[PDB]
Amino acid sequence: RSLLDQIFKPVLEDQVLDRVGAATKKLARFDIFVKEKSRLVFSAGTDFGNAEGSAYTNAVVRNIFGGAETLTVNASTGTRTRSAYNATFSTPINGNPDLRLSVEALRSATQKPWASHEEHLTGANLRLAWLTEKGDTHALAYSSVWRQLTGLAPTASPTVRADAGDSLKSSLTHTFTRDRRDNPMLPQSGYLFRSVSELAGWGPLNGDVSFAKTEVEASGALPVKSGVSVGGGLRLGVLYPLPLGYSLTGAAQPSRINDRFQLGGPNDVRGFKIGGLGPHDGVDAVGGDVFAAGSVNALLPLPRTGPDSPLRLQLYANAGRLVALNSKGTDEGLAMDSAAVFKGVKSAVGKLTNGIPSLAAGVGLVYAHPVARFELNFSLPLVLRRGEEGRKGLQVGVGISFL
Amino acid sequence: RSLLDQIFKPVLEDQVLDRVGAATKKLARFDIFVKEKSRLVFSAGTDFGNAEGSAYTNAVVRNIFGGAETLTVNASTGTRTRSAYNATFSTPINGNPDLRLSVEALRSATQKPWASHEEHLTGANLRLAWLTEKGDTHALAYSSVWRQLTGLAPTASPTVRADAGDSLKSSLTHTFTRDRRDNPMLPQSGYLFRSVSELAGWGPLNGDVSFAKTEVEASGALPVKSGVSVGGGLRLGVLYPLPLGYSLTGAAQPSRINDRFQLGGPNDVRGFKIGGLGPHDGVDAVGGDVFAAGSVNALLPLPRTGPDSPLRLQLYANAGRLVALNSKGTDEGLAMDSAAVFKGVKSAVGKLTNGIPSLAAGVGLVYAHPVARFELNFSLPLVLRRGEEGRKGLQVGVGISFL
Amino acid sequence: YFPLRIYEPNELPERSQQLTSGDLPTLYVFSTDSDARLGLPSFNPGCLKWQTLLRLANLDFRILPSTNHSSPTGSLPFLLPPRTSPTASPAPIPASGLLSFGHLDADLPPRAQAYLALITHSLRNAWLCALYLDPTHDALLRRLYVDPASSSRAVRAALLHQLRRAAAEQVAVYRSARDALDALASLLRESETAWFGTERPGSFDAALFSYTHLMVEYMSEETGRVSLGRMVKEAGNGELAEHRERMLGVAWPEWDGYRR
Amino acid sequence: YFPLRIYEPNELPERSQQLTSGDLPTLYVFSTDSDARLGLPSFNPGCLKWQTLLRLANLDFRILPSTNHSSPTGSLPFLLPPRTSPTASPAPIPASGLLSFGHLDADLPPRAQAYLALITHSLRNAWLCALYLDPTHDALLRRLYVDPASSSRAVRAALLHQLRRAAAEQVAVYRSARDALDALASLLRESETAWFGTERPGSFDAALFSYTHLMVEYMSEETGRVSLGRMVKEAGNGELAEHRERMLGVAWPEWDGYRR
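Chains as they are written, first to last, in the authors' numbering: chain B, 59 to 72, 82 to 100, 132 to 322, 330 to 436, 441 to 512; chain D, 59 to 72, 82 to 100, 132 to 322, 330 to 436, 441 to 512; chain C, 26 to 126, 143 to 212, 238 to 262, 264 to 289, 292, 297 to 333; chain A, 26 to 126, 143 to 212, 238 to 262, 264 to 289, 292, 297 to 333.
Now the structure itself:
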């Protein structure tokens with residue numbers, strides 16, 4: 059009762084005034100809906147009968163003490179070890195549904211075809227999903243994971259054969275969002291902004307890897330109700346190695362293939378293979394440290410029809426430049446002092462400025478579904494750095510984040 | 059062991084001779100595959147948490163004693179009573195996988211929108227799926243069902259408000275097939291033939307309803330490798346009432362709405378609503394007793410491409426005439446003696462001859478998938494009897510049986 | 026736009042040609058086809074009420090047995106207007122609108154409003170128990186609600202059970243019905259207008276005739298717990314008995330066959 | 026057809042620039058980076074075998090520690106050819122093809154074929170038990186297989202267990243190893259050619276050096298059940314001890330540091 063009393067009293071304490088709409092939004096934020135939302139759910143798609151049991155499972159618990167929630171998934175297939183831990187938890191914190199908290203203990207096998215290997219995560223994390231009143235979101239995290247690489251089946255590389263061990267990566271991120279977008283899937287006249295800056299191993303945050311990854315974003319839109334809706338886009342990113350103990354100068358072990366940016370595909374830069382635009386090694390796509398991006402868009406509305414059902418046109422011209430961090434300086442297995450790595454990135458960013466990076470181009474057919482965004486484009490990569498695996502056919506794009 | 063020994067010995071008892088291919092086909096017919135087919139399967143898509151449990155279920159058992167099989171389905175939704183009996187059974191008979199047998203105890207709610215009501219079957223049957231060696235199939239059945247009508251929600255009719263009781267209908271069918279078709283979904287140069295003649299209530303076959311429904315079929319194809334593939338089609342049908350006790354002359358109660366043919370839809374006669382071409386009552390589609398059908402087809406192959414992937418064109422001109430059985434003769442609630450009903454159908458077939466029945470026409474885009482057949486036609490009904498609910502847009506057709 | 030010809034809608038089948046065409050409105054009730062031809066009263070009281078009402082309103086019609094699934098609502102006794110277009114029919118009339126299709146449904150003093158709750162809520166129960174629960178009357182329920190349903194002993198046991206269960210929960239009680247018929251007997255001995264206060268019998272006399280009659284015809288079997302067939306004729310000085318006979322001289326002034 | 030320009034492939038990152046570029050073929054073995062610079066022998070016998078083989082074949086190369094996931098097959102000791110194109114590399118060579126990349146792998150009399158099954162199937166087990174199972178040696182297994190793996194006590198307990206379990210099932239046995247080293251000691255006392264029948268040591272001497280050496284260096288801890302470090306030097310008249318020293322004067326004729 060007090061859960062709602064604490065928000066009723068600020069309304070009750072005061082021609083006529085309409086301050087109750089904010090209370091209604093507060094109520095709706097709890098994901099507990132005034133009739134009901136639901137109670138628990140379930141499923142067990144339990145196959146059987148052979149060397150595989152396939153042991154499906156699911157669960158939701160939409161309340162425990164009044165506002166706390168849980169979840170669970172599983173697939174004890176009998177071929178994969180398990181995904182038996184994908185359980186979560188949620189609870190507001192001392193009064194409001196904004197300052198959420200959470201705990202998860204994930205375990206999965208994130209298969210990667212573009213780099214011919216696999217990953218075996220067995221970690222757990224802890225979030226704090228504070229949503230500021232104006233729409234600006236925040237977050238935190240602390241995700242000690244295990245991050246094993248064991249899928250080197252075909253001829254992969256002599257690079258992805260140097261990264262097959264393990265790691266801890268006790269990270270601590272900090273998300274952000276300033277979403278003024280008019281339609282989350284179809285940016286027509288809105289806005290955007292993000293930041294995902296995490297500090298992986300340093301001082302108290304222990305483990306083995308050590309860096310500070312700093313990914314930024316931007317967006318735009320400007321219809322000059331003719332849905333002309335000129336587009337936009339921009340991204341950035343930096344992967345700066347760091348020492349391991351409570352300092353800023355000293356040893357610094359360079360990046361692995363688990364922590365580097367990969368820039369390409371139907372979701373980030375249209376007109377390239379799912380992983381392209383990188384310091385490629387033969388056939389295998391090794392990621393680079395520093396990178397940038399870009400885009401321009403048109404999103405023409407179907408003429409002689411009007412601002413009807415979401416479907417529109419699209420005329421994009423992407424970009425992208427994912428360099429890697431070389432040293433080529435002061436020539441000890443892997444130990445670069447702060448002076449060297451600094452003069453590495455400082456020079457490994459000059460390669461970003463010079464040169465026409467890359468330029469896809471084409472047309473597409475957007476279908477701004479409420480929950481997703483289907484693209485089905487067709488593009489033609491103009492400029493390329495040798496061995497980046499351009500693509501030219503039908504560029505089937507599906508997801509939530511695009512450029 | 060003897061299961062295979064009895065078919066090995068006729069091969070072992072005899082340049083070189085190749086009589087083993089027939090043995091391989093016999094082995095393959097068992098649906099037991132030399133490595134394996136499978137063992138049991140399962141699922142329980144069990145929702146929960148509200149006034150509905152939705153209680154999904156499934157099961158397969160691909161062997162018990164060596165060749166016998168079973169099945170089960172269920173949905174104890176908590177809104178529908180249940181579908182909790184949809185269980186089957188299978189077993190070869192004294193030596194071969196041809197002379198199959200079976201038992202099922204179905205229970206379902208076959209909803210019917212075109213006639214605004216529902217059906218509640220709770221019956222059980224018994225098959226004998228003899229497959230003759232040449233490809234000609236046979237069958238039998240004995241399906242005492244319950245067949246209740248209880249869905250008269252909206253304004254339905256004063257016709258479907260005269261058929262709301264119950265029935266038994268202890269039928270006994272006899273299927274058939276002479277399938278020479280080259281591709282089961284895409285008839286290009288093959289053939290076909292069928293017959294579904296059942297005797298519902300008479301003599302030993304007890305119950306309440308009494309008739310003898312006799313549905314025939316035909317087909318054709320003739321490519322004049331240019332896949333021109335001229336089409337064909339034809340059907341028939343007769344619903345002849347019969348007395349109830351061990352005789353051929355006497356009482357005869359006329360047809361109900363549960364036992365009458367309905368001729369229309371994207372699967373039987375393209376170019377009409379899912380139920381059309383009948384003795385319509387206002388908005389509700391009451392079926393008729395005697396009927397016929399027809400079709401002609403083109404199935405043009407995509408020019409300048411060749412006999413490539415199954416997709417082809419289609420140019421059809423259907424037909425159809427589903428009369429009902431009136432008496433208008435010798436004018441006792443519902444009791445027509447054999448003399449009258451005979452002179453009814455004998456005259457209720459003259460209405461079939463006279464008059465241009467109906468003629469749909471259009472184009473389509475066939476996609477002869479291995480398991481199904483997608484149509485997505487577009488038709489334009491030329492001739493009509495008033496109030497048959499023609500249709501003109503996109504005629505989306507999916508299924509296995511078409512014209 | 027394109028359909029080229031129009032060809033004389035296709036002559037509805039023989040069943041509906043014979044049953045639901047008619048000329049007069051065909052009221053649906055619970056009855057046996059033997060009585061359908063003669064317009065005799067139903068055997069379910071919740072429908073005999075409306076039937077007696079209509080036939081008091083001097084409206085003519087034809088009764089026609091049905092099965093309680095064929096109804097716009099759950100309850101059966103709905104009336105259908107005649108057929109005006111051989112392929113399209115009017116809408117049904119539920120039980121609430123028959124007497125819309143004066144003095145019958147008129148406001149009564151609260152006393153007359155009171156006793157009606159007695160009949161609707163007490164006499165109704167004694168009917169269910171004496172019919173749907175008492176095993177001695179497992180014979181008469183058979184000949185009425187299951188025997189003309191499907192006529193296959195594998196089925197009859199299902200419906201016969203579906204009724205008894207869905208009727209047992211809706212309701238020992240024999241005493242509450244005993245004194246109730248002595249109450250109404252007093253309400254009649256003080257009217258002196260051959261009815262319950265009014266010169267022309269209204270909705271109350273018809274609501275009571277709905278039970279005073281059936282319990283006489285189908286429950287007068289003598292074999297303790299004297300059947301309700303005698304209570305109705307013995308309550309007071311038999312003023313409930315004579316009321317029906319004075320009632321069954323207006324609704325059906327030309328039919329004999331009452332009194333078992 | 027359209028891509029307009031071509032712009033000098035993009036300079037592989039610092040890790041692969043430092044590790045896997047090389048000039049000579051970089052054999053992967055189990056080792057600690059302290060020994061990698063000095064080319065000292067591995068600590069896993071199933072790889073020291075191939076390493077001793079190659080260095081007998083007078084082929085030069087650089088050892089480079091790895092982690093047994095990075096391998097074309099499950100087993101580790103695979104060799105990589107040098108880098109010929111800074112963006113494209115040759116294919117790996119598994120353990121089966123190193124000596125393809143004469144007298145080493147030559148047919149021997151069946152007697153010499155027999156005793157080799159002793160070493161592969163009996164001495165191998167006594168190694169696992171004395172290392173992966175005996176709790177007194179939970180210290181040395183730590184400093185070798187888990188300590189340079191991830192360096193986080195939350196993780197080390199996982200790998201340390203994953204090994205012991207997956208190694209326990211692959212195998238008391240101490241006696242079977244005792245007499246086995248007296249068997250080979252007799253096979254040596256009858257050769258008189260400083261090796262097991265041949266003037267230049269072949270695949271058998273290297274297969275035995277794979278175990279006679281490690282058990283001396285890492286298992287000579289004196292604290297019953299005398300450790301295998303003494304059995305190797307005490308079997309017979311110490312002919313297994315001197316064999317290694319006569320062997321460790323050809324493969325690595327310039328290194329000192331043996332004998333604990």
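Just so it is clear, CB atoms sit at the ideal spot from N, CA and C, and this is done for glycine as well.
Neighbours of B:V391 in chain A, taken as residues at a C-beta separation under 8 angstroms, are given in chain order as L37, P38, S41. Contact between the segment 146–161 of chain D and the segment 170–177 of chain D is present, with at least three C-beta pairs closer than 8 angstroms. Across the set C:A180, C:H144, C:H94, the C-alpha of C:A180 shows the shortest separation from the C-alpha of C:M286. Check the Cα spacing between D:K93 and each of D:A319, D:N463, D:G336, D:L229: the tightest is with D:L229.
Counting C-beta atoms within 10 angstroms of its own C-beta, C:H162 has fewer than 16 neighbours from the protein chains shown and is therefore classed as exposed. Taking 8 angstroms as the threshold, the shortest C-beta distance from B:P256 to chain A falls below it. In this structure, the alpha-carbon of B:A89 lies about 12 angstroms from that of B:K232.
Legend: CB atoms of the segment 201–225 of chain D lying less than 8 angstroms from CB atoms of chain C are not found in any residue.
Bounds of any beta strand (DSSP E) do not take in D:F309, whose DSSP letter is neither H nor E. With respect to the C-alpha of B:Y183, the residue from B:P190, B:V201, B:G425 having the closest C-alpha is B:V201.
Put simply, the backbone Cα of A:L78 is about 9 angstroms away from that of A:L123.
Taking a Cβ-Cβ cut-off of 7 angstroms, D:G464 has no neighbours in chain B, whose nearest Cβ is about 44 angstroms from it. Between B:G305 and B:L353, the C-beta spacing is not below 8 angstroms. Between the segment 296–303 of chain D and the segment 269–282 of chain D there are three or more C-beta pairs closer than 8 angstroms, enough to call the two in contact.
Between C:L159 and C:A273, the C-beta spacing is not below 8 angstroms.
Residues of the segment 232–247 of chain B whose Cβ lies closer than 9 angstroms to any Cβ of chain A, in chain order: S242, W244, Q246, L247. Straight-line spacing of the CA atoms in D:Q82 and D:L62 works out to 27 angstroms. For D:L138, the residues of chain B that pass the 7 angstroms Cβ criterion are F146, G147, in the order they occur in the chain.
For B:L341, same chain residues with a beta-carbon under 6 angstroms away, outside a window of 5 residues either side, are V314, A397 in chain order. Using a 10 angstroms sphere on the CB of A:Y186, the tally of other CB atoms reaches 16 or more, which defines it as buried. Beta-bridge analysis with DSSP links B:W300 to B:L303. Burial check for D:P256: the Cβ neighbour count within 10 Å reaches 16 or more, so the residue is buried. When DSSP reads this structure, D:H272 sits in no beta bridge, so it has no partner.
At least one CB atom of chain C sits nearer than 8 angstroms to the CB of D:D264.
Of the candidates B:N486, B:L489, B:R482, the residue whose Cα lies closest to the Cα of B:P282 is B:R482.
The beta carbon of B:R292 does not come within 8 angstroms of any beta carbon belonging to chain A, so the residue lies off that interface. The beta carbon of A:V323 lies closer than 8 angstroms to those of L81, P268 in the same chain, with the five residues before and after it left out. If you look at D:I191, you'll find it in the beta strand (DSSP E) that goes 187–191.
Cβ contact annotation for B:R178 (same chain, cutoff 8 angstroms, sequence separation greater than five): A207, in chain order.
Inclusion of D:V450 and C:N35 in the CB contact set at 8 angstroms is not warranted, their separation being larger than that value.
Within the segment 174–201 of chain C, those residues whose Cβ lies closer than 7 angstroms to any Cβ of chain D are, in chain order, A190, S191, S192, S193, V196. Listed along chain C is no residue with a C-beta nearer than 8 angstroms to that of D:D85; the closest approach is about 55 angstroms. Judged by beta-carbon spacing, D:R225 lies within the 8 angstroms limit of D:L199, meaning their Cβ atoms are closer than that value. Among the residues of chain D, those whose CB is under 7 angstroms from the CB of C:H94 are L247, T248, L250, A262, following chain order. Counted as a single uninterrupted DSSP element, the beta strand (DSSP E) harbouring B:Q209 occupies residues 206–210. The shortest CA-to-CA distance from B:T273 to any of B:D234, B:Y289, B:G301 is the one to B:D234.
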